[PDB]
């Protein structure tokens, strides 16, 4: 609970806790628990917000998204998940929540848990809110979250700029009328489709019939508003802009940053930005536009102009009349100019590229299906019925090859990872790379060029070491791997666990594009509670008894 957080002093939170506190190591002891119950149901012939009826959706508590989780910094969040789907298992992953020494609550089926079985299976997740900001949750059962198993997280805390009004969450997502498993099957042998629409806070107008509604945000004239923008898509990467207004970034993913004013923002799949908008212009209706850059390399929509309305209170109703001007083309790249308020410093001069720190991503066209994504030679394929944690608990280290285990034994040390984007393959695409368990430092990447330009880079210390930044670089949980290029990340091994590191485009992680960092496994078994072990085994027993009765095969990685 805050005691000094006010509009003119958002930096303050409570005694001992403010925007400069190192939240990764110091957490308020609030003693409070915020609990939720998620009931997952399978609904056929569901009428969506743009008027089109979808063949099948998978909903939390009967709505297009699950409830907005809300707690304070230092609370515990507890979610009972009850799976009333017909056939699918489910696992809910709390994206952006590092699960420090709570790996078994990460929701990564086949890694940290077996899936909760359908027809009434249940599990309760419990995690500490050791960060504040905007995050989200979604299924990790193959591409299930593309059917509706998704929602937002708002953990309140201090901020890097004063503001008057917290407008809350503003999730933006691609929207397909086809169901997720159908799209996974499709994308195994075909380029992915443009989205049928882009929803903004759950709604959009159908570009074809005019049904639906624009999201409508009311601004209080003369006031400073925090807007928590998310990209919860399965594939689309968005540019956002508000006509005639700038946006001031105060957080990137769940990491507060020094204020940074921009005219438009690029959000990768899974990224968030907290921004402050000053209602400083003439009272009117303004469009908030979603646009695409990068010559389609990171998505498009068949709605040519997805948008929301920002309405100044007291102004007329109606649609905005100024179409504004297109934002700069971000070329499928997030900005590396953000700077965390709580800094990190690491050396970059000593980096040496070696097989054991290099993750080559490659598209393999030579087998079945046609599009298979491999990392270091292997497409990931997890066993929902024998998760990596089961190996840890039984002392078996014979991990299957397709689990893509990258064992990291270093204890609370910075580890450096060079990811290479198929520079030798016939073509390469942008990928939004996401790490569970940690925020990474973005130490650098290949030179920024047009996403569709086919220019290729391989890391060369002679020119690239000097392009690296270890002086408080961007710190976040998702960033872009440039098409044709490379990306150098670092993270500190402060959290024993099995942690996925994967592309967040559903079609690609389905297709194999992940590894699993097995961090300090010799420390992990000691740190697993009896309750967590017992409940892991309970759910896996139920899952393993269920699975042979399932009528459908698993057709992808499981993730």
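Positions refer to the first chain, counted from 1.
- The question of which stretch, 45-53 or 486-494, has the higher mean Cα B factor is settled in favour of 45-53.
- Taking only CA atoms, the mean B-factor in the PDB entry is higher for 456-464 than for the other of 392-400 and 456-464.
- Within the group 295, 139, 415, 197, the record's highest C-alpha temperature factor is found at 295.
- Residue-level inspection of the entry shows that, of 371, 132, 440, 427, 427 has the top Cα B-factor.
- Annotation for residue 301: CA B-factor lies in the lowest third of the chain's modelled residues.
- Sort the modelled residues of the chain by CA B factor and residue 21 lands in the middle third.
- Remark: residue 476 belongs to the lowest third of its chain, ranked by C-alpha B-factor as recorded.
- Sort the chain's modelled residues by C-alpha temperature factor and residue 40 lands in the middle third, per the entry.
- Annotation for residue 151: C-alpha temperature factor in the lowest third relative to the rest of the modelled chain, per the entry.
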